[PDB]
Structure formats: structure tokens, C-alpha cells
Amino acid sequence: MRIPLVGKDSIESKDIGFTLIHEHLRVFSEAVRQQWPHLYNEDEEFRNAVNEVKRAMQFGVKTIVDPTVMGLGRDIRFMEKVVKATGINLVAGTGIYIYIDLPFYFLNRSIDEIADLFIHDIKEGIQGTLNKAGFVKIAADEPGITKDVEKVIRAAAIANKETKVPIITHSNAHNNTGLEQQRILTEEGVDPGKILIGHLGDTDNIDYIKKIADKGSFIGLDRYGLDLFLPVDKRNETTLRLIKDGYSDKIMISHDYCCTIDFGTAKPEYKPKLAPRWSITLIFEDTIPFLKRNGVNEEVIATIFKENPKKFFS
């Protein structure tokens, strides 16, 4: 009775256990799928998601937090099917994922109207179901904090203040967007500790990463396997350094793995080059063993994968 789960009763934060804080069962462009369904194969998508989740659970993963929201093809019914097939604790969210402008629907609509949509999903349920959103997801990338991106950020603050659900962000590690997201949210009264600033693992700029952590938010070292952003070994060195410097209190680790994704970039021919080892279990195969080889004890691993997600949702 605190964090809502897809297809299950809500749980107290103490029960979320070992968590992958940022993974995607399936990503797609809503308009493209609606207009050209011939491009997609739901049987295969389902098989891929179930296979990945099952493998994560074999390594001891108990909860997966999936920040697929509007703009990334959130489908609560698909998520339900995956839960039924696996027994995973799955946390779904609400929010809006844009880089530049909002859909035309939002022309001449207020920040409050936007926040009302998030609050609907949190208090009433997602897409006509009784599965409730447990967090709000927002984004900014290369384009920076555009007017509409800012509106969404402020709407998320409103939803958090009314419901107390935490906020997960997508940012671009190289252009200050994460720092700006944290600034706007905290200025609007969001507890910095209820924010995860995403994709900071995409850079080895430790000063930037620490600056965000020092302002009180979790830092998302959350794209392990996506070498095109930063290779696994560079990520490992950055993660280790932050741990040695005492930042385990703010570190969160994940893969941002998409079991299926429709971006032209994610075509299989590009995988060997851009993300050869990208999967939902890479951190068990490489990262965690690497950290242990370098003196990181199990208490720090537990802090990152258990205590931190617990605090985030408490």
C-alpha cells in the first residue's frame, strides 16, 4: 500500500527489493503504430519482453521501473500481459516525453491541464484501467529546455506536490539539461531527493555529475550497454570513481534497455557497432563483478540497487 504495481496490489517501499530503475518493455511512436500497424509484430514484442524480464529475475531482480510514457508508446495492457507471464513487480509511470514541442492537443492549454493528466493516471488509473502511475517522467535533449519542455517540467512538479510520486528524467549529458531540470523542479518546490536526473552515465565528466548529486538528486548511470553514448569500460571507471568519492547515496544504475524499439537507429545491423552487449542483464555480467573486483562491497551494491530505489519511492 504505497507504490502501485501493474497487475498487482500496491506495495510498501520496503518490499521493492532489488530494482532496475530504468528499463523499457517496449518503445514505439504512437502515431506511427496507429497509422501503419503492418510495421509491428506484437507476438515478437511480447516474447522479447518476457524473455528479458525472466532473465533479469534469474539474477535476482524483483522490481523493474519502466518510464515508457506518452511519446514512447506506453501500453498498460501490454505491460499487464508481461507481468502475468513473469511475476515481475513492474512500476508504470505517467508524463510526457518530448524534445521540442507538445502535440497540437496542447495548443492553448495550461500547465495545470497538463498536470491534471498526470494526476489522473496517478489517482484514477492508466488508459482506462485501475493500474496507477507511480512516478512522472519528463525529458529534454539536444534542443534544450524549450518552452513546451519547460511546461511539462512544471506540470510534473505540480503532480509531485499533489501526489508525492517521484520524478524520473531523460536528459542529454552534454548540454546541461539535467541540471536545468533539477533547477526548475526544485524551484517549484519538489524535494530534490524525489528526482532522478537521467542519462548522466553518458558522460565521464565527474564534476558535472557530482554537481547534480550535490544538489540532492539521484544520478542516473542508467544506459549501460549503449556504447554509442559511452562505452561500458568508461562508464565503469566513472561509476567506480563516484563510489570511491562517497556518492553511492545518489547513484542509480540501469541499462535503459528496450526489449523492442522502433527507432530507425535500433535496426539490428547497427547493434554490433552501437550497442553490442546492450541487454537488461549486462550489469550482472560486467559492471557489478567489475566493482567487486575493485573493492566495492555488497553493502554498496545493496545501497544502489535496493536502498536508493526505496528512498526514491518513500
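One rule holds for the numbers: they count along the sequence shown, beginning at 1.
Comparing 87 to 95 with 185 to 193, which stretch shows the greater average C-alpha B-factor in the deposited entry?
Comparing 87 to 95 with 185 to 193, the higher average CA B-factor belongs to 185 to 193.
For the C-alpha atoms alone, is the average B factor greater in 206 to 214 or in 130 to 138, going by the entry?
Mean B over CA atoms: larger for 206 to 214.
Checking the entry, which one of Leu282, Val65, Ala31, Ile251 has the top C-alpha B factor?
Answer for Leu282, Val65, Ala31, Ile251: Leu282, with the highest C-alpha B-factor.
Highest recorded Cα temperature factor - choice among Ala266, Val69, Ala56, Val27:
Going by the entry's C-alpha B-factors, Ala266 comes out highest.
Taking the entry's C-alpha B-factors for this chain, is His22 in the lowest, middle or highest third?
Its C-alpha B-factor belongs to the lowest third of this chain's values.
Chain-relative CA temperature factor third for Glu150:
For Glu150, the deposited C-alpha B-factor lands in the middle third.
Looking at the entry's B-factor column for C-alpha atoms only, identify whether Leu179 ranks in the lowest, middle or highest third of its chain.
It belongs to the middle third of the chain when residues are ordered by C-alpha B-factor.
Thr169 - which third its CA temperature factor falls in, relative to the rest of the chain
Bottom third by C-alpha B-factor.
Could you tell me which third, lowest, middle or highest, the C-alpha B-factor of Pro143 occupies within its chain?
Within its chain, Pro143 is a highest-third residue by C-alpha B-factor, going by the deposited values.
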